Amino acid sequence: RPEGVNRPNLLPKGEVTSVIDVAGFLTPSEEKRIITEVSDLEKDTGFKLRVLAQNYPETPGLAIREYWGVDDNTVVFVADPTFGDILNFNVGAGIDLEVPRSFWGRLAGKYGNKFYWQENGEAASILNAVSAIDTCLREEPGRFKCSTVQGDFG
Ligand SMILES: [Ca+2]
């Protein structure tokens with residue numbers, strides 16, 4: 001409970017990037033793979049997935065608002081083992097309209113439970129969750145949209 005953490009100092013230095021890995025969970029090559037996926041998704045759908053890997057309270061926190069221009073089309077994925085579900089999804093109102101709410105909890109259960117996180121490591125959890133979000137958001141509308149999660153079969 002620190003007034004809401006707001007640390008511009010923990011933002012990356014140069015040009016905006018859609019991955020802030022404060023915690024050191026991802027290699028540069030893993031970061032690059034997420035950046036590619038996230039760019040493509042945004043190009044194809046207009047949805048903005050942004051990834052913040054952190055250990056609270058070492059977070060840019062409220063600083064990410066201006067940084068990423070957080071809006072109705074933004075899902076902020078916080079991966080942080082200090083808080084609750086480890087995999088935390090902050091879902092813009094525009095995404096919320098297209099995705100069943102149960103999806104985020106199912107995604108968190110699958111790739112975010114503490115056994116999966118410890119066994120497979122932080123990178124694998126994050127990468128697998130990014131891909132499942134990408135897949136979900138790209139689905140055509142329908143009564144069974146995102147009722148299953150990527151990897152369920154494949
Ligand atoms: Ca890193």
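Numbers here are sequence positions counted from 1. Numbering of ligands and ligand atoms starts at 1, following listing order.
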Please check if any side-chain donor atom of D71 sits under 3.5 Å from a side-chain acceptor atom of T74, or the reverse.
->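 There is such a pair (donor and acceptor under 3.5 Å, judged by atom type) between the side chains of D71 and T74.
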Return the orientation label for the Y116 and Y111 ring planes: parallel under 30°, perpendicular over 60°, tilted otherwise.
->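 If you compare the ring of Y116 with that of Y111, the planes turn out perpendicular.
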Measure the shortest side-chain to side-chain distance between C136 and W104 over non-hydrogen atoms and say whether it is less than 4.5 angstrom.
->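 No - every pair of side-chain heavy atoms lies 4.5 Å or more apart.
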Do you see an N/O/S atom of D21, backbone or side chain, under 3.0 Å from the Ca ion (ligand 1)?
->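 A backbone or side-chain N, O or S atom of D21 is under 3.0 Å from the Ca ion (ligand 1).
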N/O/S of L26 less than 3.0 Å from the Ca ion (ligand 1)?
->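 Under 3.0 Å: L26 contacts the Ca ion (ligand 1) through an N, O or S atom.
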Output the atom name for the N/O/S atom of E31 with the smallest distance to the Ca ion (ligand 1).
->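 The nearest such atom is OE2.
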Look at atom CD of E58 and say whether more than 12 heavy atoms of other residues, nucleotides or ligands are closer to it than 6.0 Å.
->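 Atom CD in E58 is not packed in, count stays at 12 or less.
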